[PDB]
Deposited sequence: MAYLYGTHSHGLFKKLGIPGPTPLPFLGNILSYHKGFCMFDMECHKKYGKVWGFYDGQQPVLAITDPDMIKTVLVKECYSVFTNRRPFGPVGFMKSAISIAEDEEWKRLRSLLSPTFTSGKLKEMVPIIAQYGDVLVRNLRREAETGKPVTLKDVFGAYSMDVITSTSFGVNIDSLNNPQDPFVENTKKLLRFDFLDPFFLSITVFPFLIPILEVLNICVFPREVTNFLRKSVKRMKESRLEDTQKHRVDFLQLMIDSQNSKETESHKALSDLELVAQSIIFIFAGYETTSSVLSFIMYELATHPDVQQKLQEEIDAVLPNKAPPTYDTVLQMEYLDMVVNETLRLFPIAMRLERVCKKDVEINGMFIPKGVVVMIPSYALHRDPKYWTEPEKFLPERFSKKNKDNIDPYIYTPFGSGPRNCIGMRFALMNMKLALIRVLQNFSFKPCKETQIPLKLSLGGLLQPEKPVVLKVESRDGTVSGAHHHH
């Protein structure tokens, strides 16, 4: 029906089947399709997620236009997603003037000023991590990183965001811990979404929420207790409540929505990435040692890390940066074109979803040498300059980039510094080498990362 679009424009792509579009091509997962598409077709191509035209662009002047130059005018929202229900107000979801309000009202949550105030707390759980890690290191049992990293990152969220302090590895079943741990695209549901996006309004009317209709009701209330327990008697909720004291302040259920996408991401990104990094440290043993040295020449005597010294560790930075090059958990960035528009000499008509294929661009040999080896020296202050910030985009770019970037980078670095101060990480046999990525829809490993840990 609407499949003629790129045939007209003179824009190339894979021919789309009726109804499906090009979705059968995701049997290899988004990343492989993107990569293949980049090389078969070059710098611009089109496909159809159902009847939804998606235009993939790989020019960094053009990417800059979409992510930064013309964000407010044309390319302000991401792809409609559903059913959400009361999570329509979550910032990552919200659109246009509702977004801009929330982004403003939630921006100073992550300033150098407030990020630095959170450092002492994100400390006390790095220590909890060591002790939970040493019990697995004096008992030579290979360690599922995501698990031990998960509970750590989880401990950081509840703390950085509500107060609630839990040894979540130890209290894996505390009511605040169950809820919070709780399929995403490429699975039985969202493929149907993309083929039956007309069926989304069906469920919105049904209180059916992708976020299960129960985890929400736990934290909706648990907040308005906390709300009514410190009021009256440092974290994200606190920082959000003071802000509803221009625009229109912050409504009550809008607060619970932003908390949820804060609890995710702080959990699943931070812990997912720390395992990609630790897998990389194990499989490239020289880098781990180089880092363990710098960690120690800044913080001698296994010294506890601080704000200013974490930004002082450069090899630490380069390692994180390079792990994210190889695993940009986002994979793609996306904005809905809201007007007939022409950027850098190309007509983009209304409603086209515009897509930047991060994962593919991070592995493009046209910009990276040996792009699949793990080469942390790419990010040296010698070579960091020669890197197009519109090709390397692990946090997006522009006014709709990741709001948690600074906190995310600091969360993970405070982990590694503590964790590399006391242990070293060797591979095991059941350790997956080389790591295989999930054929699914998420930048996650086929098999969880298991490594051997050793006390120093």
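Unmodelled regions of the deposited sequence, numbered from residue 1: 1 to 7, 190 to 192, 244 to 248, 261 to 265, 477 to 487.
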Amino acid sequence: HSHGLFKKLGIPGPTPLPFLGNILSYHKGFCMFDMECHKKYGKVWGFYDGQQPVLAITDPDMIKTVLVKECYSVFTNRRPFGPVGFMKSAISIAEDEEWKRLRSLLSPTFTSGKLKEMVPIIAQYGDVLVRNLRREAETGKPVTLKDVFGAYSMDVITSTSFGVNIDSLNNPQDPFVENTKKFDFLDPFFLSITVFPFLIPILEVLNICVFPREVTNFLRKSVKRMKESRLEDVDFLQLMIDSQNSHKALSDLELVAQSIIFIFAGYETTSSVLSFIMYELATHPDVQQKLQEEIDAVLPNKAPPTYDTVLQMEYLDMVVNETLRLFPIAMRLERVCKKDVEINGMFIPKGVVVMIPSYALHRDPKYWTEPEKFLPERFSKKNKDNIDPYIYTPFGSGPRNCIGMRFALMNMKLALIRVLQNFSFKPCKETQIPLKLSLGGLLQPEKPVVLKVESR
From here on, numbers count along this sequence of modelled residues.
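In this text, rigid core is short for the largest set of C-alphas that superpose within 1.5 Å between two forms.
Comparing 259 to 267 with 152 to 160 by root mean square Cα distance to the shown form in 9 other deposited structures of this protein, with the rigid core used for the fit, gives 259 to 267 as the more displaced stretch. After a core fit, the C-alpha atoms in 9 other deposited structures of this protein lie farther on average from the shown form in one of 337 to 345 and 78 to 86, namely 78 to 86. Residue-level annotation: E232 lacks coordinates in a third or more of the other entries compared, counting only those that model residues on either side of it. Looking at the other PDB entries for this protein, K116 is present in the model in all of those that include the residues around it, rather than absent from a third.
If you average the C-alpha B-factors over 14 to 22 and over 442 to 450, the higher value belongs to 442 to 450. Relative to one another, 216 to 224 and 94 to 102 have unequal mean CA B-factors, and 216 to 224 is the one with the higher figure. Take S259, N179, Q292, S153 and read off each C-alpha B-factor from the entry; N179 has the highest. Per the deposited record, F211 carries the highest C-alpha B-factor of all listed residues (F198, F211, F276, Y367). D61: CA B factor in the middle third of modelled residues in this chain (values from the PDB entry). Ranked against the other modelled residues of its chain, the C-alpha B-factor of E314 as given in the entry falls in the lowest third. When the modelled residues of the chain are ordered by their C-alpha B factor, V287 lands in the middle third. The deposited CA B-factor of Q173 belongs to the highest third of values across its chain. Sort the chain's modelled residues by C-alpha temperature factor and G126 lands in the highest third, per the entry.
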